[PDB]
Amino acid sequence: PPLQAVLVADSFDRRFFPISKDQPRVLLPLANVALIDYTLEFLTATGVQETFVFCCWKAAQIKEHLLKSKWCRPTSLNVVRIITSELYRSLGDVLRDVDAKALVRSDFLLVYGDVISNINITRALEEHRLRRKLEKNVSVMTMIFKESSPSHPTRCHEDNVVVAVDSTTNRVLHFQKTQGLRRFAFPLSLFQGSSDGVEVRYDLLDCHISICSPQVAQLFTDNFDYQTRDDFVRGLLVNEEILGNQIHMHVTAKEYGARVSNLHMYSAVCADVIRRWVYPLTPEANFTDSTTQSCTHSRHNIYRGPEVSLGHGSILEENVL
Amino acid sequence: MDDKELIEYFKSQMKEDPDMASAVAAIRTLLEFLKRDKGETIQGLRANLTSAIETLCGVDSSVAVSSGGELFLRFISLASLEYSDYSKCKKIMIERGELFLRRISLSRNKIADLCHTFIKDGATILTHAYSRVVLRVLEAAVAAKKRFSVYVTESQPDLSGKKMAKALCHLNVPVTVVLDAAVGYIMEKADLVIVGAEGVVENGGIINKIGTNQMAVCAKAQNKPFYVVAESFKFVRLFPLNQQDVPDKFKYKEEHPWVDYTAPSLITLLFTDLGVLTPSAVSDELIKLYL
């Protein structure tokens with residue numbers, strides 16, 4: 001079957017105020033390019049071709065810029081439908097909405113606004129497939145994540161993640177953030193579930209590249225009380241007595257997917273994408289054929305657009321787009 | 001028509017134009033003679049031009065002029081002359097001659113926009129003399145809005161580097177006139193050396209003003225890549241093996257050379273309006289082109 005990806009271009013962590021005044025959040029220029037672009041190049045890289053974007057607040061400017069998208073060309077591989085709906089302000093409603101129009105056929109990969117990534121989902125995508133149809137819908141979600149170390153500037157003061165998981169099928173066992181918790185709390189629910197080894201981790205990123213399955217649109221419609229993905233996962237992790245059909249977690253090792261949220265996160269991800277940490281994606285590859293993004297990569301990570309007329313004796317040590 | 005006006009005409013041509021390298025002034029005056037030859041023959045004109053070129057060589061001691069004479073002699077009989085009257089020949093001949101003029105004029109611009117993309121930005125360029133072609137290719141690379149410095153030597157016998165500076169700083173480029181004897185010093189701190197040439201030998205190396213070779217050798221030991229520019233006609237069928245071998249019709253004008261030779265082992269990249277080269281390719285090209 002085709003691989004269709006729901007997508008919302010208004011991450012409701014509405015923190016880029018006042019910056020959100022002039023141009024909306026997603027459209028932001030990180031490295032003189034739209035983040036949403038980065039996301040779309042990602043979607044194309046993992047090879048999905050029917051992407052359903054969504055923007056409620058400021059959808060106008062979104063379409064205004066994305067009409068000339070790298071993937072709004074007729075030659076594109078991705079088809080896009082900016083459903084200009086301004087009712088929801090929580091993803092819950094847009095998921096019940098992709099329920100409300102049977103858009104997702106089956107086995108979709110929902111994604112937040114401005115994930116920076118290079119990840120090939122196909123390994124995951126297929127293992128999801130395996131333990132979902134060689135297991136017949138016992139799954140509902142197979143979280144994907146990226147190994148890291150806590151001290152890195154990827155986990156700003158604001159957001160980290162800590163998670164209990166199994167080690168045999170790698171199914172989720174609990175998910176929770178750690179905004180100032182010198183200790184933690186895990187129930188023996190974990191082990192009265194099974195006596196064959198359980199793992200806790202604090203070295204996964206907030207990758208926010210949840211693979212899912214339209215029965216996720218089910219799990220959102222059948223209960224109108226969820227407003228974010230964390231709502232979803234913790235509700236399903238507590239509602240394991242019946243009708244849980246838990247999440248099958250999975251971590252990568254070689255890629256870089258970060259759902260940029262706050263100005264510090266934008267800082268970190270911009271000055272790591274300049275360092276090519278995500279390559280293929282970097283503006284000298286000019287992946288959006290958009291003209292003025294001709295970036296003549298040069299000595300020692302100094303990038304340089306055309307006609308910069310760089311000043312005499314102006315030293316530039318590194319990473320200067 | 002006699003040899004007096006020929007030599008003085010070369011002199012006048014070079015005087016009204018110090019900006020025209022001696023070779024092309026020679027070739028010009030040569031075409032001028034061919035015009036007013038007032039002869040009607042084929043070989044009887046070959047003899048005239050050979051004698052005239054001998055005189056010009058005996059006036060100006062440059063390799064450029066005599067070499068250009070050789071090449072002009074070649075490029076008047078390049079294909080079937082279509083010998084019909086020994087007069088219309090002259091017409092078509094001098095036509096090909098003015099075409100030769102055309103290519104010789106184009107030479108500089110060709111080599112400039114051929115090379116000015118070879119200078120990585122922010123490095124020190126170390127020329128050696130008043131090499132018109134070097135000045136032009138630099139001027140180009142500047143016009144492309146780059147950044148780089150200039151160290152120039154001064155090629156002691158006559159002040160050349162002083163002149164090159166006085167004319168280059170007119171382009172507002174960082175310039176520094178080393179004392180040519182000091183090449184071994186600044187050789188540590190410039191990456192690559194563009195050097196003007198005044199004649200290419202048939203194995204790839206070049207012949208050039210007094211200091212070239214020693215600079216050359218320094219700029220190889222330290223692996224600092226070594227460039228050179230010279231347009232077409234300054235190819236020559238002279239194959240020395242030792243610095244004593246270079247003919248003495250060039251070496252003068254107590255006893256001190258003016259030009260000397262560098263083995264092609266050292267020259268790392270040519271520059272010829274025929275295109276980028278590789279000294280052995282200068283050989284191949286010379287045997288082919290010369291004809």
# chains A, B, ... in the order shown; residues from 1 in each chain; ligands from 1
call {"tool": "select_by_dssp", "arguments": {"residues": "region 107-185 of chain A", "states": "strand (DSSP E or B)", "output": "PyMOL selection string"}}
result
chain A and resi 111+115-116+141-142+144-147+162-166+171-176
call {"tool": "write_last_selection", "arguments": {"atoms": "N, CA and C atoms", "output": "PDB file, in the first residue's frame"}}
result
ATOM      1  N   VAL A 111       3.432  12.998  12.019  1.00  0.00           N
ATOM      2  CA  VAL A 111       4.650  13.748  12.270  1.00  0.00           C
ATOM      3  C   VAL A 111       4.269  15.170  12.642  1.00  0.00           C
ATOM      4  N   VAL A 115      10.017  18.641  12.523  1.00  0.00           N
ATOM      5  CA  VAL A 115      11.050  17.673  12.849  1.00  0.00           C
ATOM      6  C   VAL A 115      12.206  17.818  11.872  1.00  0.00           C
ATOM      7  N   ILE A 116      13.406  17.914  12.400  1.00  0.00           N
ATOM      8  CA  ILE A 116      14.612  17.857  11.592  1.00  0.00           C
ATOM      9  C   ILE A 116      15.102  16.425  11.606  1.00  0.00           C
ATOM     10  N   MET A 141       0.629   1.412  17.759  1.00  0.00           N
ATOM     11  CA  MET A 141       1.648   2.439  17.646  1.00  0.00           C
ATOM     12  C   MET A 141       2.996   1.796  17.892  1.00  0.00           C
ATOM     13  N   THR A 142       3.989   2.215  17.128  1.00  0.00           N
ATOM     14  CA  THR A 142       5.350   1.716  17.295  1.00  0.00           C
ATOM     15  C   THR A 142       6.232   2.957  17.318  1.00  0.00           C
ATOM     16  N   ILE A 144       9.182   5.424  17.420  1.00  0.00           N
ATOM     17  CA  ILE A 144      10.557   5.431  16.948  1.00  0.00           C
ATOM     18  C   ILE A 144      11.292   6.487  17.754  1.00  0.00           C
ATOM     19  N   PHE A 145      12.565   6.243  18.038  1.00  0.00           N
ATOM     20  CA  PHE A 145      13.354   7.169  18.843  1.00  0.00           C
ATOM     21  C   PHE A 145      14.819   7.048  18.453  1.00  0.00           C
ATOM     22  N   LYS A 146      15.621   7.991  18.943  1.00  0.00           N
ATOM     23  CA  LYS A 146      17.009   8.128  18.527  1.00  0.00           C
ATOM     24  C   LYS A 146      17.902   8.207  19.752  1.00  0.00           C
ATOM     25  N   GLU A 147      18.851   7.280  19.858  1.00  0.00           N
ATOM     26  CA  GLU A 147      19.738   7.224  21.013  1.00  0.00           C
ATOM     27  C   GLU A 147      20.543   8.510  21.139  1.00  0.00           C
ATOM     28  N   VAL A 162      11.988  10.188  29.661  1.00  0.00           N
ATOM     29  CA  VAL A 162      12.437   8.956  30.291  1.00  0.00           C
ATOM     30  C   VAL A 162      11.325   7.929  30.145  1.00  0.00           C
ATOM     31  N   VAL A 163      11.715   6.692  29.854  1.00  0.00           N
ATOM     32  CA  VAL A 163      10.744   5.708  29.392  1.00  0.00           C
ATOM     33  C   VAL A 163      11.134   4.326  29.875  1.00  0.00           C
ATOM     34  N   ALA A 164      10.157   3.609  30.410  1.00  0.00           N
ATOM     35  CA  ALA A 164      10.294   2.179  30.621  1.00  0.00           C
ATOM     36  C   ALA A 164       9.814   1.462  29.370  1.00  0.00           C
ATOM     37  N   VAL A 165      10.539   0.427  28.974  1.00  0.00           N
ATOM     38  CA  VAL A 165      10.275  -0.326  27.762  1.00  0.00           C
ATOM     39  C   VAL A 165      10.592  -1.785  28.049  1.00  0.00           C
ATOM     40  N   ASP A 166      10.011  -2.675  27.257  1.00  0.00           N
ATOM     41  CA  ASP A 166      10.444  -4.057  27.310  1.00  0.00           C
ATOM     42  C   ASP A 166      11.674  -4.244  26.431  1.00  0.00           C
ATOM     43  N   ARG A 171       8.369  -3.293  23.424  1.00  0.00           N
ATOM     44  CA  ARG A 171       7.117  -2.580  23.603  1.00  0.00           C
ATOM     45  C   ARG A 171       7.246  -1.545  24.711  1.00  0.00           C
ATOM     46  N   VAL A 172       6.556  -0.418  24.535  1.00  0.00           N
ATOM     47  CA  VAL A 172       6.580   0.630  25.543  1.00  0.00           C
ATOM     48  C   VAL A 172       5.987   0.103  26.838  1.00  0.00           C
ATOM     49  N   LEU A 173       6.521   0.564  27.961  1.00  0.00           N
ATOM     50  CA  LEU A 173       5.973   0.205  29.259  1.00  0.00           C
ATOM     51  C   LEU A 173       5.564   1.408  30.088  1.00  0.00           C
ATOM     52  N   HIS A 174       6.182   2.562  29.857  1.00  0.00           N
ATOM     53  CA  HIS A 174       5.702   3.825  30.406  1.00  0.00           C
ATOM     54  C   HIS A 174       6.521   4.952  29.800  1.00  0.00           C
ATOM     55  N   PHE A 175       5.874   6.102  29.637  1.00  0.00           N
ATOM     56  CA  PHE A 175       6.511   7.269  29.043  1.00  0.00           C
ATOM     57  C   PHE A 175       6.280   8.450  29.967  1.00  0.00           C
ATOM     58  N   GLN A 176       7.314   9.260  30.193  1.00  0.00           N
ATOM     59  CA  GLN A 176       7.118  10.396  31.084  1.00  0.00           C
ATOM     60  C   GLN A 176       8.281  11.366  30.957  1.00  0.00           C
TER      61      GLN A 176
END
call {"tool": "closest_atom_pairs", "arguments": {"of": "chain A", "to": "chain B", "cutoff": "12 Å", "atoms": "only C-alpha atoms", "output": "CSV"}}
result
residue,atom,partner,partner_atom,distance
A:298,CA,B:121,CA,10.0
A:299,CA,B:121,CA,9.4
A:306,CA,B:145,CA,11.3
A:307,CA,B:145,CA,8.7
A:308,CA,B:145,CA,9.3
A:309,CA,B:145,CA,6.7
A:310,CA,B:146,CA,8.4
A:311,CA,B:147,CA,8.8
A:312,CA,B:147,CA,7.1
A:313,CA,B:147,CA,8.4
A:314,CA,B:147,CA,10.1
A:315,CA,B:122,CA,10.0
A:316,CA,B:122,CA,11.5
call {"tool": "write_last_selection", "arguments": {"atoms": "C-alpha atoms", "output": "mmCIF file, in the first residue's frame"}}
result
data_model
loop_
_atom_site.group_PDB
_atom_site.id
_atom_site.type_symbol
_atom_site.label_atom_id
_atom_site.label_comp_id
_atom_site.auth_asym_id
_atom_site.auth_seq_id
_atom_site.Cartn_x
_atom_site.Cartn_y
_atom_site.Cartn_z
ATOM 1 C CA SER A 298 33.719 26.012 0.971
ATOM 2 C CA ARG A 299 36.767 25.673 3.183
ATOM 3 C CA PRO A 306 26.586 33.610 -4.207
ATOM 4 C CA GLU A 307 27.690 37.232 -4.280
ATOM 5 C CA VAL A 308 28.517 37.792 -0.625
ATOM 6 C CA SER A 309 31.193 40.464 -1.253
ATOM 7 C CA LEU A 310 32.870 39.368 1.981
ATOM 8 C CA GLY A 311 34.766 42.191 3.633
ATOM 9 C CA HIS A 312 38.515 42.578 3.626
ATOM 10 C CA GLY A 313 40.175 40.812 6.530
ATOM 11 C CA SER A 314 36.826 39.631 7.822
ATOM 12 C CA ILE A 315 37.853 36.392 9.500
ATOM 13 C CA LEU A 316 35.196 33.685 9.727
#
call {"tool": "select_by_dssp", "arguments": {"residues": "region 182-288 of chain B", "states": "helix (DSSP H, G or I)", "output": "list in words"}}
result
residues 182, 183, 184, 185, 186, 212, 213, 214, 215, 216, 217, 218, 219, 220, 221, 232, 233, 234, 280, 281, 282, 283, 284, 285, 286, 287 and 288 of chain B
call {"tool": "write_last_selection", "arguments": {"atoms": "C-alpha atoms", "output": "PDB file, in the first residue's frame"}}
result
ATOM      1  CA  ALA B 182      64.919  36.664   0.045  1.00  0.00           C
ATOM      2  CA  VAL B 183      62.579  34.256  -1.797  1.00  0.00           C
ATOM      3  CA  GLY B 184      63.613  31.481   0.562  1.00  0.00           C
ATOM      4  CA  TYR B 185      62.066  33.453   3.385  1.00  0.00           C
ATOM      5  CA  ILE B 186      58.547  34.222   2.219  1.00  0.00           C
ATOM      6  CA  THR B 212      62.876  31.850 -11.715  1.00  0.00           C
ATOM      7  CA  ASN B 213      64.674  28.533 -11.367  1.00  0.00           C
ATOM      8  CA  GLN B 214      65.905  29.028  -7.822  1.00  0.00           C
ATOM      9  CA  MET B 215      62.482  30.236  -6.735  1.00  0.00           C
ATOM     10  CA  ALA B 216      61.101  27.214  -8.561  1.00  0.00           C
ATOM     11  CA  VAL B 217      63.332  24.835  -6.661  1.00  0.00           C
ATOM     12  CA  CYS B 218      62.449  26.338  -3.298  1.00  0.00           C
ATOM     13  CA  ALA B 219      58.762  26.252  -4.162  1.00  0.00           C
ATOM     14  CA  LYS B 220      59.049  22.551  -4.814  1.00  0.00           C
ATOM     15  CA  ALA B 221      60.976  21.379  -1.753  1.00  0.00           C
ATOM     16  CA  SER B 232      50.802  29.728 -27.269  1.00  0.00           C
ATOM     17  CA  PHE B 233      53.611  31.187 -29.324  1.00  0.00           C
ATOM     18  CA  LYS B 234      56.166  31.203 -26.589  1.00  0.00           C
ATOM     19  CA  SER B 280      54.732  16.327 -20.969  1.00  0.00           C
ATOM     20  CA  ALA B 281      51.567  17.612 -22.608  1.00  0.00           C
ATOM     21  CA  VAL B 282      53.528  20.706 -23.526  1.00  0.00           C
ATOM     22  CA  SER B 283      55.847  18.346 -25.372  1.00  0.00           C
ATOM     23  CA  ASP B 284      53.056  16.490 -27.180  1.00  0.00           C
ATOM     24  CA  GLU B 285      51.363  19.795 -27.981  1.00  0.00           C
ATOM     25  CA  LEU B 286      54.583  21.303 -29.279  1.00  0.00           C
ATOM     26  CA  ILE B 287      55.437  18.450 -31.626  1.00  0.00           C
ATOM     27  CA  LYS B 288      51.839  18.510 -32.868  1.00  0.00           C
TER      28      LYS B 288
END
call {"tool": "residues_around", "arguments": {"residues": "residue 94 (chain B)", "least_positions_apart": "3", "cutoff": "9 Å", "atoms": "only C-alpha atoms", "output": "VMD selection string"}}
result
chain B and resid 31 34 to 35 76 89 to 91 97 to 99
call {"tool": "residues_around", "arguments": {"residues": "residue 246 (chain A)", "least_positions_apart": "6", "cutoff": "12 Å", "atoms": "only C-alpha atoms", "output": "NGL selection string"}}
result
:A and (131-132 or 137-143 or 165-166 or 169-175 or 212 or 216 or 219 or 232-240)
call {"tool": "write_last_selection", "arguments": {"atoms": "N, CA and C atoms", "output": "compact mmCIF listing (two decimals), in the first residue's frame"}}
result
# COMPACT_ATOMS: atom_id res chain seq x y z
N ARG A 131 5.17 -6.98 13.21
CA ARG A 131 4.48 -7.24 14.46
C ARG A 131 3.11 -6.58 14.52
N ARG A 132 2.58 -6.07 13.41
CA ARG A 132 1.20 -5.62 13.36
C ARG A 132 0.31 -6.54 12.53
N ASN A 137 -3.07 -6.50 14.50
CA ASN A 137 -3.61 -5.30 15.12
C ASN A 137 -3.39 -5.25 16.63
N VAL A 138 -2.68 -6.21 17.21
CA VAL A 138 -2.35 -6.12 18.63
C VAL A 138 -1.56 -4.84 18.91
N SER A 139 -0.87 -4.33 17.89
CA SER A 139 -0.24 -3.03 18.00
C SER A 139 -1.23 -1.92 17.68
N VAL A 140 -0.94 -0.72 18.16
CA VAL A 140 -1.61 0.49 17.71
C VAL A 140 -0.60 1.54 17.28
N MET A 141 0.63 1.41 17.76
CA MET A 141 1.65 2.44 17.65
C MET A 141 3.00 1.80 17.89
N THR A 142 3.99 2.22 17.13
CA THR A 142 5.35 1.72 17.29
C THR A 142 6.23 2.96 17.32
N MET A 143 6.44 3.49 18.51
CA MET A 143 7.26 4.68 18.65
C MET A 143 8.66 4.43 18.12
N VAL A 165 10.54 0.43 28.97
CA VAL A 165 10.28 -0.33 27.76
C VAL A 165 10.59 -1.79 28.05
N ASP A 166 10.01 -2.68 27.26
CA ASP A 166 10.44 -4.06 27.31
C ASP A 166 11.67 -4.24 26.43
N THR A 169 10.14 -7.65 22.84
CA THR A 169 9.51 -7.07 21.67
C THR A 169 9.67 -5.56 21.63
N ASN A 170 10.35 -4.99 22.62
CA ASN A 170 10.65 -3.57 22.65
C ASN A 170 9.38 -2.74 22.77
N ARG A 171 8.37 -3.29 23.42
CA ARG A 171 7.12 -2.58 23.60
C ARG A 171 7.25 -1.54 24.71
N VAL A 172 6.56 -0.42 24.53
CA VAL A 172 6.58 0.63 25.54
C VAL A 172 5.99 0.10 26.84
N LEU A 173 6.52 0.56 27.96
CA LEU A 173 5.97 0.20 29.26
C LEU A 173 5.56 1.41 30.09
N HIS A 174 6.18 2.56 29.86
CA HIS A 174 5.70 3.82 30.41
C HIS A 174 6.52 4.95 29.80
N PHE A 175 5.87 6.10 29.64
CA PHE A 175 6.51 7.27 29.04
C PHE A 175 6.28 8.45 29.97
N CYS A 212 2.27 5.25 13.46
CA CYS A 212 0.98 4.95 14.06
C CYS A 212 0.18 4.11 13.07
N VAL A 216 -5.29 4.45 15.43
CA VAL A 216 -5.00 5.57 16.31
C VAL A 216 -6.06 6.65 16.17
N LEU A 219 -8.67 5.23 18.37
CA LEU A 219 -8.39 5.48 19.78
C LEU A 219 -8.53 6.94 20.16
N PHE A 232 -2.28 10.67 24.66
CA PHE A 232 -2.55 9.37 24.05
C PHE A 232 -1.77 8.27 24.75
N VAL A 233 -0.45 8.43 24.83
CA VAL A 233 0.39 7.32 25.22
C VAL A 233 0.21 7.00 26.70
N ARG A 234 0.10 8.02 27.54
CA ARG A 234 -0.12 7.72 28.95
C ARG A 234 -1.52 7.21 29.21
N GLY A 235 -2.53 7.72 28.51
CA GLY A 235 -3.85 7.15 28.63
C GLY A 235 -3.88 5.68 28.26
N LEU A 236 -3.19 5.33 27.17
CA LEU A 236 -3.18 3.93 26.76
C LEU A 236 -2.31 3.08 27.66
N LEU A 237 -1.28 3.67 28.27
CA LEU A 237 -0.41 2.94 29.18
C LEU A 237 -1.06 2.70 30.53
N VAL A 238 -1.98 3.57 30.94
CA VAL A 238 -2.74 3.28 32.15
C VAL A 238 -3.94 2.40 31.83
N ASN A 239 -4.55 2.58 30.66
CA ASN A 239 -5.70 1.78 30.25
C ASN A 239 -5.23 0.47 29.64
N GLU A 240 -4.35 -0.23 30.34
CA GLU A 240 -3.88 -1.52 29.88
C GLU A 240 -4.67 -2.68 30.46
call {"tool": "residues_around", "arguments": {"residues": "region 18-30 of chain A", "least_positions_apart": "4", "cutoff": "9 Å", "atoms": "only C-alpha atoms", "output": "PyMOL selection string"}}
result
chain A and resi 9-11+14+34-37+57-59+61-62+65-66+113-114+266-267+269-270
call {"tool": "residues_around", "arguments": {"residues": "region 260-277 of chain B", "least_positions_apart": "4", "cutoff": "8 Å", "atoms": "only C-alpha atoms", "output": "PyMOL selection string"}}
result
chain B and resi 107-108+110-111+114-115+203-213+216-217+220+225-232+241+243+246+251+281-282
call {"tool": "write_last_selection", "arguments": {"atoms": "N, CA and C atoms", "output": "compact mmCIF listing (two decimals), in the first residue's frame"}}
result
# COMPACT_ATOMS: atom_id res chain seq x y z
N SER B 107 44.88 35.89 -26.68
CA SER B 107 45.66 35.06 -25.76
C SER B 107 45.49 35.43 -24.30
N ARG B 108 45.74 36.69 -23.95
CA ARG B 108 45.69 37.09 -22.55
C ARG B 108 44.33 36.82 -21.95
N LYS B 110 41.97 35.04 -22.82
CA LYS B 110 41.74 33.61 -22.76
C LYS B 110 42.40 33.00 -21.53
N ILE B 111 43.68 33.30 -21.32
CA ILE B 111 44.41 32.63 -20.24
C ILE B 111 43.95 33.14 -18.88
N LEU B 114 40.78 31.66 -18.05
CA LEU B 114 41.11 30.26 -17.86
C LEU B 114 41.69 29.98 -16.49
N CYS B 115 42.42 30.92 -15.91
CA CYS B 115 43.15 30.68 -14.67
C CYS B 115 42.52 31.28 -13.42
N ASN B 203 60.04 20.15 -23.31
CA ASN B 203 59.76 19.07 -22.37
C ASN B 203 58.89 19.49 -21.20
N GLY B 204 58.44 20.74 -21.15
CA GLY B 204 57.47 21.14 -20.16
C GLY B 204 57.90 22.27 -19.25
N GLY B 205 59.16 22.27 -18.84
CA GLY B 205 59.66 23.36 -18.02
C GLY B 205 59.57 24.68 -18.74
N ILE B 206 59.93 25.75 -18.05
CA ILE B 206 59.84 27.06 -18.65
C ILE B 206 61.18 27.76 -18.54
N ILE B 207 61.33 28.76 -19.36
CA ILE B 207 62.48 29.63 -19.33
C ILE B 207 62.00 31.02 -18.93
N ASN B 208 62.74 31.70 -18.07
CA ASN B 208 62.23 32.95 -17.51
C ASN B 208 63.38 33.72 -16.87
N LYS B 209 63.09 34.95 -16.45
CA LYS B 209 64.07 35.89 -15.92
C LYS B 209 64.89 35.31 -14.78
N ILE B 210 65.97 35.99 -14.42
CA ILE B 210 67.09 35.45 -13.67
C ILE B 210 66.71 34.50 -12.54
N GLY B 211 65.78 34.89 -11.68
CA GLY B 211 65.62 34.13 -10.46
C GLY B 211 64.72 32.92 -10.56
N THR B 212 63.96 32.82 -11.64
CA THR B 212 62.88 31.85 -11.72
C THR B 212 63.29 30.51 -11.14
N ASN B 213 64.30 29.89 -11.73
CA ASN B 213 64.67 28.53 -11.37
C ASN B 213 64.83 28.38 -9.86
N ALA B 216 61.67 28.51 -8.21
CA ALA B 216 61.10 27.21 -8.56
C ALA B 216 61.55 26.15 -7.58
N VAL B 217 62.86 25.97 -7.45
CA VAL B 217 63.33 24.84 -6.66
C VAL B 217 62.86 24.96 -5.22
N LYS B 220 59.39 23.96 -4.74
CA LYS B 220 59.05 22.55 -4.81
C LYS B 220 59.40 21.82 -3.53
N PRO B 225 52.57 24.09 -4.20
CA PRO B 225 52.31 23.90 -5.63
C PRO B 225 52.68 25.13 -6.44
N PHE B 226 53.08 24.87 -7.68
CA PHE B 226 53.85 25.82 -8.47
C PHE B 226 53.18 25.97 -9.82
N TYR B 227 52.78 27.19 -10.15
CA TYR B 227 52.02 27.45 -11.37
C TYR B 227 52.91 28.21 -12.35
N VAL B 228 52.37 28.43 -13.54
CA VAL B 228 53.09 29.14 -14.59
C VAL B 228 52.09 29.53 -15.67
N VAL B 229 52.28 30.69 -16.27
CA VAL B 229 51.44 31.10 -17.37
C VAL B 229 52.32 31.47 -18.55
N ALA B 230 51.88 31.07 -19.74
CA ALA B 230 52.54 31.41 -21.00
C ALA B 230 51.61 31.08 -22.15
N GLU B 231 51.34 32.05 -23.02
CA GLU B 231 50.42 31.77 -24.10
C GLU B 231 51.10 30.91 -25.16
N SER B 232 50.40 30.72 -26.28
CA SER B 232 50.80 29.73 -27.27
C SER B 232 52.21 29.95 -27.80
N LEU B 241 69.53 20.79 -21.14
CA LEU B 241 69.53 19.85 -20.02
C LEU B 241 70.20 20.44 -18.80
N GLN B 243 71.59 24.35 -17.03
CA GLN B 243 71.42 25.80 -17.12
C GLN B 243 72.47 26.43 -18.01
N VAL B 246 71.13 26.48 -22.20
CA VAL B 246 70.26 27.49 -22.83
C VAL B 246 71.09 28.35 -23.77
N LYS B 251 71.06 34.84 -23.64
CA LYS B 251 71.53 35.10 -22.30
C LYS B 251 72.13 36.46 -22.12
N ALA B 281 52.54 17.14 -21.64
CA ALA B 281 51.57 17.61 -22.61
C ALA B 281 52.09 18.81 -23.37
N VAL B 282 52.92 19.64 -22.75
CA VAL B 282 53.53 20.71 -23.53
C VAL B 282 54.38 20.11 -24.62
call {"tool": "atom_distance", "arguments": {"atom1": "CA of residue 80 (chain B)", "atom2": "CA of residue 26 (chain B)"}}
result
26.1 Å
call {"tool": "residues_around", "arguments": {"residues": "residue 63 (chain B)", "least_positions_apart": "4", "cutoff": "8 Å", "atoms": "only C-alpha atoms", "output": "PyMOL selection string"}}
result
chain B and resi 67+198-199+234+250
call {"tool": "closest_residue", "arguments": {"among": "A:213, A:148, A:156, A:46", "to": "residue 128 (chain A)", "atoms": "only C-alpha atoms"}}
result
A:213
call {"tool": "atom_distance", "arguments": {"atom1": "CA of residue 83 (chain B)", "atom2": "CA of residue 289 (chain B)"}}
result
22.9 Å
call {"tool": "atom_distance", "arguments": {"atom1": "CA of residue 196 (chain B)", "atom2": "CA of residue 165 (chain B)"}}
result
14.5 Å
